[PDB]
Undergrad: 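Before I ask anything, here is the structure I am working with.
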Protein chains: 2
Amino acid sequence: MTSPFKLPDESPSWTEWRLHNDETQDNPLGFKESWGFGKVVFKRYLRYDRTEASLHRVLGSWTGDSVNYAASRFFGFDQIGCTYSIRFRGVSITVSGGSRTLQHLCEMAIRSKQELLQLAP
Amino acid sequence: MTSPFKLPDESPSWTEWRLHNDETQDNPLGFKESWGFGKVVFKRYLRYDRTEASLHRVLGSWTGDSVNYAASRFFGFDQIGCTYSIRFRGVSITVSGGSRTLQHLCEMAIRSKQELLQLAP
RNA sequence: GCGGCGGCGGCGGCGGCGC
RNA sequence: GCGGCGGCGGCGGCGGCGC
């Protein structure tokens, strides 16, 4: 299937996660995000260290155009449900609606992402 | 039960909603929001016409302090799930997490509300 | 971090019924 | 707008199992 994401997954192995735990969510290795279209879900764990360079990098993981290319594989006459989810430091935000509204869903999803990743410590 | 909201509900009757439909979501009468703490959910339909005065009014419907007073009725040793939901013009945003994180949940909820209600037409 | 599992609650599509 | 209903899929608590 063609993914909505433009960066690959970065999930930590079990060992890497333990080591990180032993040496320090709040300062997790990163955040989790996902895009769902009908019954298909695409998922990413991305490293994030709360700097400006890193924020810039992880905001590039999807665009309205990558999301639309991916989602449109699953479109037809009827509307399907589309959902964006992100979780970081104990907070989950889900942006959801029908595919007819995807352009607005992407606009609110990107804003939600930015705000959550910049949440005051 | 003590509500997290500081404005009363404004749900339209069936007739008022029909009339509004016949004379004009996109330009709905308002938006729907809700606060959930464990298994109890409080809900509001509030009128909103996309002006600055109206935005100011509906942003007063809850505060971090009203939410905390309401939610704390349901607190104890274990953590419970807390969720804020809002829907406007075909887009739903849910902000969710545990009660230990309520202060952050309120910060992201208020930002999500503002952004959604100001969504470019 | 990943994969089951059991409860509880919410959210989005879709179809349909009542007011 | 409100109240059922049937599917499908996500999400959050909680408990627990595997790597």
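Just so we're on the same page: letters track the sequence lines, and every chain starts at 1. The figures here come from the full heavy-atom set of this structure, side chains too, leaving out hydrogens, waters and symmetry mates.
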Undergrad: For RNA chain D, find the residues of residues 5-21 of chain B with a heavy-atom distance under 4.0 Å and give them by number; none if there aren't any.
TA: B:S11, B:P12, B:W14, B:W17

Undergrad: Reading RNA chain D 5' to 3', how would its secondary structure be written in dot-bracket notation, given Watson-Crick and G-U pairs with both distances under 3.5 Å, brackets [ ] for crossing pairs and | for partners on other strands?
TA: |||.||.||.||.||.|||

Undergrad: Under the ring pair (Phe, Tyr, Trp, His ring centres under 6.0 Å) rule, what pairs show up with a residue in residues 98-121 of chain B, not counting sequence neighbours?
TA: none

Undergrad: Across nucleotides 9-16 of chain D, 5' to 3', mark each nucleotide with B, S or - according to how protein heavy atoms within less than 4.0 Å reach it.
TA: SSSSSS--

Undergrad: According to the salt bridge (charged side-chain N to carboxylate O under 4.0 Å, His left out) rule, which pairs have a member within residues 74-102 of chain B, sequence neighbours left out?
TA: B:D26-B:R89

Undergrad: Just confirming the chi classification of C:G13, syn or anti, using 90° around 0 as the syn window.
TA: syn

Undergrad: For A:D9 and A:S11, does a side-chain donor sit closer than 3.5 Å to a side-chain acceptor?
TA: yes

Undergrad: Would you call A:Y48 and A:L46 a side-chain contact if the rule is heavy atoms closer than 4.5 Å?
TA: no

Undergrad: What pair of heavy atoms forms the shortest contact from B:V58 to B:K113, and how long is it?
TA: O-NZ, 2.9 Å

Undergrad: Quick check: closest heavy atoms across A:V95 and A:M108, and the distance to 0.1 Å?
TA: CG1-CB, 4.0 Å

Undergrad: If you measure from the P atom in D:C11 to the same atom in C:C2, how many Å do you get, rounded?
TA: 11 Å

Undergrad: Quickly work out the B:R44 CZ to D:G1 P distance and round it to whole Å.
TA: 16 Å

Undergrad: B:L102 and B:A71: which non-hydrogen atoms are nearest, and at how many Å?
TA: CD2-CB, 3.7 Å

Undergrad: Taking all non-hydrogen atoms of both residues, which atom of A:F88 and which atom of A:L117 are closest, and how far apart?
TA: CD2-CD2, 3.8 Å

Undergrad: Sequence neighbours left out, what passes ring-ring contact (aromatic ring centres under 6.0 Å, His included) with B:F31? Give chain and number order.
TA: none

Undergrad: Could you tell me if the side chain of B:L19 sits less than 4.5 Å from the side chain of B:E16, heavy atoms only?
TA: no

